[PDB]
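Novice: Next comes the structure file work-v3.cif, holding mmCIF, C-alpha atoms.
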```cif
data_data
#
loop_
_atom_site.group_PDB
_atom_site.id
_atom_site.type_symbol
_atom_site.label_atom_id
_atom_site.label_comp_id
_atom_site.auth_asym_id
_atom_site.auth_seq_id
_atom_site.Cartn_x
_atom_site.Cartn_y
_atom_site.Cartn_z
ATOM 1 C CA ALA A 1 15.061 10.975 -14.992
ATOM 2 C CA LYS A 2 12.399 13.622 -14.366
ATOM 3 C CA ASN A 3 9.682 11.214 -15.530
ATOM 4 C CA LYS A 4 10.152 9.479 -12.175
ATOM 5 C CA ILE A 5 9.952 5.741 -11.547
ATOM 6 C CA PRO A 6 6.506 4.195 -10.963
ATOM 7 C CA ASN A 7 5.789 4.001 -7.236
ATOM 8 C CA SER A 8 5.713 0.551 -5.703
ATOM 9 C CA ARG A 9 4.063 -0.339 -2.398
ATOM 10 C CA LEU A 10 7.256 0.133 -0.355
ATOM 11 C CA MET A 11 9.366 2.843 -1.916
ATOM 12 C CA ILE A 12 12.579 3.538 0.021
ATOM 13 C CA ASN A 13 14.872 6.243 -1.403
ATOM 14 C CA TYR A 14 17.713 7.260 0.954
ATOM 15 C CA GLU A 15 18.349 11.022 1.007
ATOM 16 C CA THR A 16 21.951 12.012 0.290
ATOM 17 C CA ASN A 17 21.403 15.743 -0.150
ATOM 18 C CA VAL A 18 23.010 18.179 2.273
ATOM 19 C CA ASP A 19 22.528 21.942 2.531
ATOM 20 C CA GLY A 20 24.761 24.451 4.268
ATOM 21 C CA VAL A 21 26.921 27.513 3.758
ATOM 22 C CA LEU A 22 30.358 26.886 2.280
ATOM 23 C CA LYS A 23 33.537 27.760 4.129
ATOM 24 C CA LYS A 24 36.118 30.458 3.448
ATOM 25 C CA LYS A 25 39.876 29.935 3.601
ATOM 26 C CA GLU A 26 41.877 32.499 5.563
ATOM 27 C CA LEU A 27 43.461 35.552 3.943
ATOM 28 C CA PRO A 28 47.269 35.703 3.901
ATOM 29 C CA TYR A 29 48.322 39.081 5.283
ATOM 30 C CA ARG A 30 49.674 40.595 2.080
ATOM 31 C CA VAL A 31 52.503 43.126 2.180
ATOM 32 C CA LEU A 32 52.984 45.433 -0.768
ATOM 33 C CA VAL A 33 56.388 47.046 -1.279
ATOM 34 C CA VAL A 34 57.007 49.874 -3.723
ATOM 35 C CA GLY A 35 60.495 50.924 -4.782
ATOM 36 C CA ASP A 36 62.576 51.500 -7.905
ATOM 37 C CA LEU A 37 63.972 47.989 -8.375
ATOM 38 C CA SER A 38 64.568 47.690 -12.094
ATOM 39 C CA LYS A 39 65.443 51.366 -12.642
ATOM 40 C CA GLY A 40 63.330 50.940 -15.777
ATOM 41 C CA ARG A 41 64.697 47.557 -16.869
ATOM 42 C CA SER A 42 62.148 44.763 -16.569
ATOM 43 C CA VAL A 43 59.276 43.176 -18.474
ATOM 44 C CA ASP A 44 56.657 44.630 -16.124
ATOM 45 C CA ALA A 45 58.658 47.839 -15.587
ATOM 46 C CA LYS A 46 58.987 48.740 -19.268
ATOM 47 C CA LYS A 47 55.205 48.609 -19.591
ATOM 48 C CA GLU A 48 52.797 51.452 -18.803
ATOM 49 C CA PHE A 49 51.729 51.891 -15.182
ATOM 50 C CA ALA A 50 48.103 51.346 -16.191
ATOM 51 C CA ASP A 51 49.070 47.682 -16.669
ATOM 52 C CA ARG A 52 51.727 46.428 -14.234
ATOM 53 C CA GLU A 53 50.898 43.020 -12.821
ATOM 54 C CA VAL A 54 52.185 42.953 -9.252
ATOM 55 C CA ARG A 55 54.558 40.100 -8.387
ATOM 56 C CA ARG A 56 54.127 37.654 -5.502
ATOM 57 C CA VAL A 57 57.470 36.154 -4.486
ATOM 58 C CA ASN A 58 55.802 32.754 -4.047
ATOM 59 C CA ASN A 59 59.175 31.091 -4.371
ATOM 60 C CA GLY A 60 61.805 33.593 -3.256
ATOM 61 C CA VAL A 61 63.595 36.805 -4.177
ATOM 62 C CA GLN B 1 -0.603 -30.095 -16.469
ATOM 63 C CA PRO B 2 -0.462 -31.427 -20.049
ATOM 64 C CA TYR B 3 0.208 -35.155 -20.486
ATOM 65 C CA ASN B 4 3.778 -36.430 -20.767
ATOM 66 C CA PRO B 5 5.121 -39.895 -19.945
ATOM 67 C CA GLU B 6 7.948 -38.632 -17.726
ATOM 68 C CA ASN B 7 5.762 -35.790 -16.423
ATOM 69 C CA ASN B 8 2.150 -36.232 -15.316
ATOM 70 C CA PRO B 9 1.661 -39.722 -16.812
ATOM 71 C CA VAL B 10 -1.914 -40.798 -17.512
ATOM 72 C CA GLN B 11 -2.846 -43.365 -14.894
ATOM 73 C CA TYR B 12 -3.295 -46.386 -17.149
ATOM 74 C CA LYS B 13 -5.145 -49.589 -16.272
ATOM 75 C CA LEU B 14 -3.859 -52.733 -14.522
ATOM 76 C CA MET B 15 -2.938 -54.315 -17.878
ATOM 77 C CA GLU B 16 -3.770 -51.874 -20.685
ATOM 78 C CA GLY B 17 -0.436 -50.121 -21.195
ATOM 79 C CA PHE B 18 -1.336 -46.456 -21.523
ATOM 80 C CA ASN B 19 1.150 -44.507 -19.383
ATOM 81 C CA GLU B 20 3.294 -44.053 -22.492
ATOM 82 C CA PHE B 21 1.103 -41.278 -23.859
ATOM 83 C CA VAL B 22 1.980 -37.724 -24.889
ATOM 84 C CA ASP B 23 0.060 -34.528 -25.669
ATOM 85 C CA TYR B 24 0.783 -31.569 -27.999
ATOM 86 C CA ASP B 25 1.513 -28.054 -26.734
ATOM 87 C CA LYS B 26 4.386 -25.544 -26.586
ATOM 88 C CA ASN B 27 4.086 -21.776 -26.035
ATOM 89 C CA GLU B 28 0.909 -20.721 -24.190
ATOM 90 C CA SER B 29 -2.344 -22.542 -24.977
ATOM 91 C CA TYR B 30 -3.083 -25.493 -22.696
ATOM 92 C CA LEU B 31 -6.037 -24.886 -20.369
ATOM 93 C CA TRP B 32 -6.459 -22.045 -17.897
ATOM 94 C CA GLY B 33 -8.748 -21.043 -15.052
ATOM 95 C CA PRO B 34 -9.655 -17.655 -13.541
ATOM 96 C CA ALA B 35 -7.965 -16.468 -10.328
ATOM 97 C CA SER B 36 -11.402 -15.743 -8.937
ATOM 98 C CA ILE B 37 -11.583 -19.381 -7.829
ATOM 99 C CA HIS B 38 -8.692 -19.184 -5.394
ATOM 100 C CA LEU B 39 -10.004 -15.831 -4.311
ATOM 101 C CA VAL B 40 -13.336 -17.322 -3.241
ATOM 102 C CA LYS B 41 -11.626 -20.532 -2.159
ATOM 103 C CA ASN B 42 -9.781 -18.316 0.339
ATOM 104 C CA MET B 43 -12.925 -16.587 1.559
ATOM 105 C CA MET B 44 -14.145 -20.070 2.430
ATOM 106 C CA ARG B 45 -10.846 -20.699 4.200
ATOM 107 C CA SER B 46 -11.246 -17.316 5.846
ATOM 108 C CA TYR B 47 -14.375 -18.578 7.536
ATOM 109 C CA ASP B 48 -13.761 -22.118 8.700
ATOM 110 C CA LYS B 49 -10.580 -20.977 10.442
ATOM 111 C CA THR B 50 -11.447 -17.438 11.471
ATOM 112 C CA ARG B 51 -15.058 -16.290 11.059
ATOM 113 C CA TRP B 52 -14.883 -13.039 9.076
ATOM 114 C CA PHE B 53 -13.050 -11.913 5.942
ATOM 115 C CA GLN B 54 -9.854 -10.208 7.084
ATOM 116 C CA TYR B 55 -7.921 -13.359 6.288
ATOM 117 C CA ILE B 56 -7.893 -12.978 2.483
ATOM 118 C CA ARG B 57 -5.082 -10.476 1.952
ATOM 119 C CA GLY B 58 -1.303 -10.428 2.080
ATOM 120 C CA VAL B 59 1.192 -13.228 2.550
ATOM 121 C CA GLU B 60 1.424 -13.559 6.306
ATOM 122 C CA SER B 61 -2.317 -13.010 6.740
ATOM 123 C CA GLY B 62 -4.716 -14.196 4.044
ATOM 124 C CA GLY B 63 -4.121 -14.977 0.398
ATOM 125 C CA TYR B 64 -1.118 -17.247 0.017
ATOM 126 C CA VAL B 65 -2.529 -20.105 -2.074
ATOM 127 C CA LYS B 66 -0.018 -22.865 -1.429
ATOM 128 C CA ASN B 67 0.987 -25.503 -3.982
ATOM 129 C CA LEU B 68 -0.203 -24.681 -7.510
ATOM 130 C CA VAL B 69 -0.196 -26.817 -10.641
ATOM 131 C CA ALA B 70 2.968 -25.669 -12.385
ATOM 132 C CA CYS B 71 4.403 -27.242 -15.532
ATOM 133 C CA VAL B 72 7.749 -28.544 -16.768
ATOM 134 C CA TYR B 73 8.960 -29.459 -20.244
ATOM 135 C CA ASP B 74 12.082 -30.713 -21.997
ATOM 136 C CA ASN B 75 12.417 -28.907 -25.330
ATOM 137 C CA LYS B 76 16.211 -29.080 -25.637
ATOM 138 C CA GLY B 77 17.584 -27.948 -22.273
ATOM 139 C CA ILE B 78 16.908 -29.773 -19.008
ATOM 140 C CA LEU B 79 13.267 -29.507 -17.897
ATOM 141 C CA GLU B 80 12.729 -25.742 -17.987
ATOM 142 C CA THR B 81 9.933 -25.068 -15.487
ATOM 143 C CA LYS B 82 6.863 -23.013 -16.420
ATOM 144 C CA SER B 83 5.411 -20.582 -13.878
ATOM 145 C CA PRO B 84 1.912 -21.628 -12.707
ATOM 146 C CA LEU B 85 0.499 -18.147 -13.265
ATOM 147 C CA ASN B 86 -0.494 -16.567 -16.552
ATOM 148 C CA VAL B 87 1.432 -13.381 -15.842
ATOM 149 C CA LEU B 88 4.365 -12.513 -13.580
ATOM 150 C CA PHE B 89 3.202 -9.240 -12.049
ATOM 151 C CA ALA B 90 5.926 -7.012 -10.670
ATOM 152 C CA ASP B 91 5.588 -4.947 -7.499
ATOM 153 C CA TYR B 92 4.135 -1.688 -8.800
ATOM 154 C CA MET B 93 1.774 -3.781 -10.919
ATOM 155 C CA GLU B 94 0.233 -5.114 -7.694
ATOM 156 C CA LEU B 95 -0.597 -1.538 -6.802
ATOM 157 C CA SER B 96 -1.181 0.081 -10.186
ATOM 158 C CA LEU B 97 -3.998 -2.446 -10.614
ATOM 159 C CA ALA B 98 -5.566 -1.882 -7.196
ATOM 160 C CA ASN B 99 -6.356 1.668 -8.292
ATOM 161 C CA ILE B 100 -8.173 0.515 -11.422
ATOM 162 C CA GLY B 101 -10.416 -1.631 -9.239
ATOM 163 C CA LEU B 102 -8.890 -4.983 -10.083
ATOM 164 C CA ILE B 103 -7.620 -7.923 -8.065
ATOM 165 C CA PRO B 104 -4.192 -9.083 -9.261
ATOM 166 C CA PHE B 105 -3.195 -12.715 -8.617
ATOM 167 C CA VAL B 106 0.551 -12.138 -8.378
ATOM 168 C CA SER B 107 3.060 -14.977 -8.330
ATOM 169 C CA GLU B 108 6.360 -15.520 -6.540
ATOM 170 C CA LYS B 109 8.892 -16.293 -9.248
ATOM 171 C CA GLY B 110 9.865 -19.969 -9.161
ATOM 172 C CA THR B 111 8.217 -20.565 -5.782
ATOM 173 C CA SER B 112 5.225 -22.034 -7.648
ATOM 174 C CA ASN B 113 2.897 -19.994 -5.405
ATOM 175 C CA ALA B 114 0.838 -16.807 -5.324
ATOM 176 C CA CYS B 115 -0.892 -14.292 -3.019
ATOM 177 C CA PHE B 116 -3.562 -11.598 -3.121
ATOM 178 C CA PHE B 117 -2.051 -8.294 -2.035
ATOM 179 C CA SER B 118 -4.987 -6.209 -3.173
ATOM 180 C CA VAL B 119 -8.642 -7.048 -2.738
ATOM 181 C CA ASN B 120 -10.407 -3.999 -4.082
ATOM 182 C CA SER B 121 -13.810 -3.678 -5.680
ATOM 183 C CA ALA B 122 -14.401 -1.879 -8.950
ATOM 184 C CA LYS B 123 -15.619 1.160 -7.005
ATOM 185 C CA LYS B 124 -13.808 4.422 -7.749
ATOM 186 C CA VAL B 125 -11.418 5.499 -5.004
ATOM 187 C CA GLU B 126 -11.790 9.261 -5.549
ATOM 188 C CA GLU B 127 -9.434 11.565 -3.615
ATOM 189 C CA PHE B 128 -11.142 14.599 -2.053
ATOM 190 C CA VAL B 129 -9.659 17.459 -0.047
ATOM 191 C CA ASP B 130 -11.098 16.732 3.381
ATOM 192 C CA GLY B 131 -8.994 13.959 4.912
ATOM 193 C CA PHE B 132 -11.921 12.064 6.412
ATOM 194 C CA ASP B 133 -13.830 11.947 3.127
ATOM 195 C CA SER B 134 -10.673 10.733 1.393
ATOM 196 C CA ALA B 135 -10.372 7.859 3.860
ATOM 197 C CA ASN B 136 -14.032 6.890 3.511
ATOM 198 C CA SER B 137 -13.672 6.179 -0.190
ATOM 199 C CA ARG B 138 -10.528 4.161 0.476
ATOM 200 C CA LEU B 139 -12.327 1.739 2.789
ATOM 201 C CA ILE B 140 -15.475 1.449 0.722
ATOM 202 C CA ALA B 141 -13.550 0.427 -2.380
ATOM 203 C CA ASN B 142 -11.954 -2.276 -0.236
ATOM 204 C CA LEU B 143 -13.826 -5.504 -0.916
ATOM 205 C CA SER B 144 -12.769 -7.327 2.243
ATOM 206 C CA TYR B 145 -14.798 -4.945 4.423
ATOM 207 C CA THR B 146 -17.984 -4.997 2.324
ATOM 208 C CA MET B 147 -17.738 -8.757 2.745
ATOM 209 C CA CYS B 148 -17.852 -8.229 6.507
ATOM 210 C CA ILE B 149 -20.398 -5.443 6.609
ATOM 211 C CA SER B 150 -22.499 -7.757 4.462
ATOM 212 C CA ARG B 151 -22.349 -10.400 7.179
ATOM 213 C CA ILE B 152 -24.192 -8.012 9.484
ATOM 214 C CA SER B 153 -27.061 -7.758 7.015
ATOM 215 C CA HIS B 154 -27.185 -11.561 7.113
ATOM 216 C CA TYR B 155 -27.578 -11.146 10.852
ATOM 217 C CA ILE B 156 -30.302 -8.515 10.909
ATOM 218 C CA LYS B 157 -32.513 -9.874 8.115
ATOM 219 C CA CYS B 158 -32.155 -13.403 9.499
ATOM 220 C CA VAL B 159 -32.125 -13.409 13.289
ATOM 221 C CA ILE B 160 -34.201 -10.419 14.374
ATOM 222 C CA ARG B 161 -36.968 -12.011 12.296
ATOM 223 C CA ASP B 162 -37.589 -14.217 15.322
ATOM 224 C CA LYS B 163 -38.736 -11.295 17.474
ATOM 225 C CA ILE B 164 -40.930 -9.722 14.824
ATOM 226 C CA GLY B 165 -44.027 -9.694 17.019
ATOM 227 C CA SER B 166 -42.421 -9.385 20.438
ATOM 228 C CA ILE B 167 -42.794 -6.119 22.292
ATOM 229 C CA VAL B 168 -39.524 -4.258 21.942
ATOM 230 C CA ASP B 169 -38.242 -0.708 22.128
ATOM 231 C CA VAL B 170 -35.638 1.668 20.820
ATOM 232 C CA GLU B 171 -33.536 0.686 23.831
ATOM 233 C CA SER B 172 -34.135 -3.048 23.340
ATOM 234 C CA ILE B 173 -33.174 -3.371 19.674
ATOM 235 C CA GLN B 174 -30.005 -1.429 20.453
ATOM 236 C CA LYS B 175 -29.325 -4.159 23.004
ATOM 237 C CA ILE B 176 -29.874 -7.300 20.922
ATOM 238 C CA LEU B 177 -28.023 -5.936 17.911
ATOM 239 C CA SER B 178 -25.125 -4.555 19.960
ATOM 240 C CA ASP B 179 -24.716 -7.403 22.462
ATOM 241 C CA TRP B 180 -23.966 -9.574 19.451
ATOM 242 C CA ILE B 181 -21.500 -7.488 17.464
ATOM 243 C CA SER B 182 -19.749 -6.553 20.711
ATOM 244 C CA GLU B 183 -17.828 -9.844 20.741
ATOM 245 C CA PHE B 184 -16.196 -8.869 17.434
ATOM 246 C CA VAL B 185 -14.885 -5.398 18.268
ATOM 247 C CA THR B 186 -11.579 -4.634 19.927
ATOM 248 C CA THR B 187 -8.702 -2.185 19.991
ATOM 249 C CA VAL B 188 -5.978 -4.388 21.445
ATOM 250 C CA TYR B 189 -3.937 -6.475 19.005
ATOM 251 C CA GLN B 190 -3.442 -10.200 19.417
ATOM 252 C CA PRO B 191 -0.212 -12.033 18.545
ATOM 253 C CA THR B 192 -0.187 -13.547 15.046
ATOM 254 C CA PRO B 193 -2.639 -12.464 12.335
ATOM 255 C CA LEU B 194 -5.143 -15.286 12.687
ATOM 256 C CA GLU B 195 -5.650 -14.837 16.427
ATOM 257 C CA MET B 196 -6.535 -11.191 15.766
ATOM 258 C CA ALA B 197 -8.556 -11.530 12.541
ATOM 259 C CA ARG B 198 -11.224 -13.040 14.802
ATOM 260 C CA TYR B 199 -11.952 -9.356 15.424
ATOM 261 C CA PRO B 200 -12.756 -7.624 12.133
ATOM 262 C CA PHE B 201 -14.177 -4.342 13.412
ATOM 263 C CA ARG B 202 -12.582 -1.661 15.580
ATOM 264 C CA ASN B 203 -15.680 0.056 16.949
ATOM 265 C CA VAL B 204 -19.369 0.398 16.135
ATOM 266 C CA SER B 205 -22.281 2.759 16.734
ATOM 267 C CA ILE B 206 -25.913 1.639 16.632
ATOM 268 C CA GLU B 207 -28.445 4.461 16.885
ATOM 269 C CA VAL B 208 -31.912 3.089 16.197
ATOM 270 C CA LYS B 209 -34.977 5.256 16.661
ATOM 271 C CA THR B 210 -38.706 4.969 16.172
ATOM 272 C CA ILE B 211 -40.421 6.963 13.449
ATOM 273 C CA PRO B 212 -43.688 8.906 13.641
ATOM 274 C CA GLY B 213 -46.861 7.480 12.131
ATOM 275 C CA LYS B 214 -45.858 3.826 12.035
ATOM 276 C CA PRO B 215 -45.893 2.733 15.701
ATOM 277 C CA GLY B 216 -44.370 -0.738 15.422
ATOM 278 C CA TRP B 217 -41.768 0.314 12.859
ATOM 279 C CA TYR B 218 -38.208 1.540 13.429
ATOM 280 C CA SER B 219 -35.182 2.756 11.502
ATOM 281 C CA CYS B 220 -31.657 1.729 12.437
ATOM 282 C CA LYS B 221 -28.376 3.290 11.337
ATOM 283 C CA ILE B 222 -25.123 1.531 12.166
ATOM 284 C CA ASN B 223 -21.594 2.567 11.348
ATOM 285 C CA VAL B 224 -18.570 0.292 11.464
ATOM 286 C CA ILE B 225 -14.868 1.105 11.361
ATOM 287 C CA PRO B 226 -12.978 -2.023 10.313
ATOM 288 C CA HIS B 227 -9.390 -2.717 11.350
ATOM 289 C CA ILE B 228 -7.535 -0.842 8.630
ATOM 290 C CA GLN B 229 -5.077 -3.078 6.862
ATOM 291 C CA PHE B 230 -1.490 -2.308 5.981
ATOM 292 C CA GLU B 231 -1.152 -1.019 2.417
ATOM 293 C CA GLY B 232 2.404 0.320 1.999
ATOM 294 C CA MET B 233 4.840 3.003 3.133
ATOM 295 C CA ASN B 234 7.635 5.317 2.024
ATOM 296 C CA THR B 235 10.918 5.685 3.893
ATOM 297 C CA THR B 236 13.778 8.183 3.847
ATOM 298 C CA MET B 237 17.081 6.947 5.244
ATOM 299 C CA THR B 238 19.798 9.493 6.020
ATOM 300 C CA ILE B 239 23.054 9.953 7.900
ATOM 301 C CA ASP B 240 22.103 12.698 10.351
ATOM 302 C CA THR B 241 25.297 13.076 12.391
ATOM 303 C CA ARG B 242 23.210 15.353 14.633
ATOM 304 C CA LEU B 243 21.588 12.630 16.691
ATOM 305 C CA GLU B 244 24.665 12.075 18.840
ATOM 306 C CA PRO B 245 26.329 15.517 19.091
ATOM 307 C CA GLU B 246 28.710 14.197 21.744
ATOM 308 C CA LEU B 247 30.846 12.811 18.896
ATOM 309 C CA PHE B 248 30.535 15.571 16.280
ATOM 310 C CA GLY B 249 29.811 18.637 18.396
ATOM 311 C CA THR B 250 32.167 21.547 18.942
ATOM 312 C CA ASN B 251 32.572 21.122 22.697
ATOM 313 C CA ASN B 252 35.166 18.409 23.293
#
```
Take the structure in the file and give it back as structure tokens.

Specialist:
Amino acid sequence: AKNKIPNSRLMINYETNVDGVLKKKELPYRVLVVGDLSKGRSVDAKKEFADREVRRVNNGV
Amino acid sequence: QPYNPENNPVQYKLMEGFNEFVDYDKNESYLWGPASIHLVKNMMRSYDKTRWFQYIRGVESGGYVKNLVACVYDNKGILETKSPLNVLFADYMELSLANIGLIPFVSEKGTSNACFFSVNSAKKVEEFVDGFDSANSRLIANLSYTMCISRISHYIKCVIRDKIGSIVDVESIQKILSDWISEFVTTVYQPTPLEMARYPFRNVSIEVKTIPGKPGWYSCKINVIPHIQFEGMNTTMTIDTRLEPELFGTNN
């Protein structure tokens, strides 16, 4: 409440606020490969080059 | 306490059966008395024991007022006690009254007791920018000091009357008046409150000086700083984890 509690004679509060600059997780060294894989036969290959979402191979080939 | 047979029985006579005698009350209307009594009845106490009026505030120090006339009654339950005080002031009430210039007679719930936390006059407290000025008004509003400073007036216009005709000087009146009050000024603190409340004041100046024209007349000007009482405090707790870097520091 912004109205704030009425102050007593012995108001103890306990500060729990902490400032600081957040961390940054490392960057995985990405490796792009470009070659004719589908020969023009894939969902992302049949689409225009202006919109081809790059894959990731999170799982495996 | 109103009159019941099982509670506060009327002390009958040695044959006239009277102890079986009730009264008629319920909510809140059976005789009251102003807190001012116990307030003054503590100033008296704070005089026979100590000598000045520091001993009229707080629990450990002055106003405690032990053993009050509570009340109990059996409506349907089992003797539900009734707090001795008119009103059960909370904590911030004790303070939020002191600023209005009032003296709250706060009670300890169930304990059947009380205590005067604040003893302020009706004088405005002001605020001011300059710190000194702000502190002045805080001590002047405080009744307990004006009780003490008053006791110096009862010394001057009372005792110095004896040497009204004696030949005295600027340096002699500063002696008689100071040599007295000197036994009541200290800086060191004594164990326990009572053993220290013997000393109300902290330090005093007494600069008297003769005036032109009137040869046998003078004009004093004292100034007393009383031992400032506790009044409250804020507190911020926190887990620093920077105090002992030997446990959280990089180097390990």

Novice: Using all atoms listed in the file, find each residue of chain B with at least one atom at most 6 Å away from an atom of chain A; report its shortest atom-to-atom pair and that distance in Å (one decimal), sort the rows by chain and rising residue number, and return the result as a Markdown table.

Specialist:
```
| residue | atom | partner | partner_atom | distance |
| --- | --- | --- | --- | --- |
| B:91 | CA | A:8 | CA | 5.8 |
| B:92 | CA | A:8 | CA | 4.1 |
| B:232 | CA | A:9 | CA | 4.7 |
| B:233 | CA | A:10 | CA | 5.1 |
| B:234 | CA | A:11 | CA | 5.0 |
| B:235 | CA | A:12 | CA | 4.7 |
| B:236 | CA | A:14 | CA | 5.0 |
| B:237 | CA | A:14 | CA | 4.3 |
| B:238 | CA | A:15 | CA | 5.4 |
```

Novice: Please provide as a ChimeraX atom specification all residues within 12 Å of residue 32 (chain A), with the sequence filter that same-chain residues fewer than 3 positions apart are discarded (counting all atoms listed in the file).

Specialist: /A:29,35,54-57

Novice: With all atoms listed in the file as the counted atoms, please give the residues lying no more than 12 Å from residue 60 (chain B), apart from itself and same-chain residues fewer than 6 positions off, as JSON, numbers by chain.

Specialist: {"B": [54, 115, 116, 117, 192, 193, 194, 197, 230]}

Novice: Just say which residues the PyMOL selection byres ((chain B and resi 119-130) around 10) picks in this file, as a count of residues only.

Specialist: 33

Novice: Just checking: using all atoms listed in the file, which residue out of B:226, B:62, B:213, B:33 ends up closest to residue 45 (chain B)?

Specialist: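 Looking only at the distances to residue 45 (chain B), the closest residue turns out to be B:62.
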
Novice: Measure the distance from CA of residue 40 (chain B) to CA of residue 2 (chain B) in Å and round it to one decimal.

Specialist: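 CA of residue 2 (chain B) lies at a distance of 25.4 Å from CA of residue 40 (chain B).
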
Novice: To one decimal place, how far is CA of residue 86 (chain B) from CA of residue 59 (chain B) in Å?

Specialist: 19.5 Å

Novice: Can you work out the spacing between CA of residue 66 (chain B) and CA of residue 7 (chain B) in Å, to one decimal?

Specialist: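 Computing it gives 20.6 Å between the two atoms.
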
Novice: Let me know the residues the PyMOL selection byres ((chain B and resi 183) around 12) catches in the file above, as a PDB file with C-alpha atoms, in the coordinates of the input.

Specialist:
```pdb
ATOM      1  CA  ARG B  51     -15.058 -16.290  11.059  1.00  0.00           C
ATOM      2  CA  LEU B 177     -28.023  -5.936  17.911  1.00  0.00           C
ATOM      3  CA  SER B 178     -25.125  -4.555  19.960  1.00  0.00           C
ATOM      4  CA  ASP B 179     -24.716  -7.403  22.462  1.00  0.00           C
ATOM      5  CA  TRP B 180     -23.966  -9.574  19.451  1.00  0.00           C
ATOM      6  CA  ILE B 181     -21.500  -7.488  17.464  1.00  0.00           C
ATOM      7  CA  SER B 182     -19.749  -6.553  20.711  1.00  0.00           C
ATOM      8  CA  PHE B 184     -16.196  -8.869  17.434  1.00  0.00           C
ATOM      9  CA  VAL B 185     -14.885  -5.398  18.268  1.00  0.00           C
ATOM     10  CA  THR B 186     -11.579  -4.634  19.927  1.00  0.00           C
ATOM     11  CA  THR B 187      -8.702  -2.185  19.991  1.00  0.00           C
ATOM     12  CA  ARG B 198     -11.224 -13.040  14.802  1.00  0.00           C
ATOM     13  CA  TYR B 199     -11.952  -9.356  15.424  1.00  0.00           C
ATOM     14  CA  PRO B 200     -12.756  -7.624  12.133  1.00  0.00           C
ATOM     15  CA  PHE B 201     -14.177  -4.342  13.412  1.00  0.00           C
ATOM     16  CA  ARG B 202     -12.582  -1.661  15.580  1.00  0.00           C
ATOM     17  CA  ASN B 203     -15.680   0.056  16.949  1.00  0.00           C
ATOM     18  CA  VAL B 204     -19.369   0.398  16.135  1.00  0.00           C
TER      19      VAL B 204
END
```

Novice: What would region 28-40 of chain A look like with N, CA and C atoms restored, written as an mmCIF file, in the frame of the given file?

Specialist:
```
data_model
loop_
_atom_site.group_PDB
_atom_site.id
_atom_site.type_symbol
_atom_site.label_atom_id
_atom_site.label_comp_id
_atom_site.auth_asym_id
_atom_site.auth_seq_id
_atom_site.Cartn_x
_atom_site.Cartn_y
_atom_site.Cartn_z
ATOM 1 N N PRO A 28 45.878 35.395 3.559
ATOM 2 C CA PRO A 28 47.269 35.703 3.901
ATOM 3 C C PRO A 28 47.508 37.204 3.971
ATOM 4 N N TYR A 29 48.053 37.665 5.088
ATOM 5 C CA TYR A 29 48.322 39.081 5.283
ATOM 6 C C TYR A 29 49.326 39.578 4.258
ATOM 7 N N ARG A 30 48.819 40.147 3.171
ATOM 8 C CA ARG A 30 49.674 40.595 2.080
ATOM 9 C C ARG A 30 50.429 41.867 2.431
ATOM 10 N N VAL A 31 51.671 41.950 1.965
ATOM 11 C CA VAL A 31 52.503 43.126 2.180
ATOM 12 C C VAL A 31 53.020 43.634 0.854
ATOM 13 N N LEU A 32 52.525 44.793 0.450
ATOM 14 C CA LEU A 32 52.984 45.433 -0.768
ATOM 15 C C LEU A 32 54.233 46.256 -0.477
ATOM 16 N N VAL A 33 55.225 46.167 -1.356
ATOM 17 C CA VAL A 33 56.388 47.046 -1.279
ATOM 18 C C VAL A 33 56.541 47.775 -2.607
ATOM 19 N N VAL A 34 56.889 49.052 -2.534
ATOM 20 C CA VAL A 34 57.007 49.874 -3.723
ATOM 21 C C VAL A 34 58.336 50.615 -3.699
ATOM 22 N N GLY A 35 59.218 50.253 -4.627
ATOM 23 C CA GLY A 35 60.495 50.924 -4.782
ATOM 24 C C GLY A 35 61.084 50.690 -6.158
ATOM 25 N N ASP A 36 61.914 51.624 -6.610
ATOM 26 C CA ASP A 36 62.576 51.500 -7.905
ATOM 27 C C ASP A 36 63.577 50.345 -7.888
ATOM 28 N N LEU A 37 63.139 49.186 -8.373
ATOM 29 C CA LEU A 37 63.972 47.989 -8.375
ATOM 30 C C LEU A 37 64.746 47.869 -9.674
ATOM 31 N N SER A 38 64.012 47.943 -10.776
ATOM 32 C CA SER A 38 64.568 47.690 -12.094
ATOM 33 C C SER A 38 65.237 48.925 -12.694
ATOM 34 N N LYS A 39 64.967 50.090 -12.107
ATOM 35 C CA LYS A 39 65.443 51.366 -12.642
ATOM 36 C C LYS A 39 64.946 51.583 -14.071
ATOM 37 N N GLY A 40 63.892 50.861 -14.441
ATOM 38 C CA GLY A 40 63.330 50.940 -15.777
ATOM 39 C C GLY A 40 63.842 49.840 -16.686
#
```
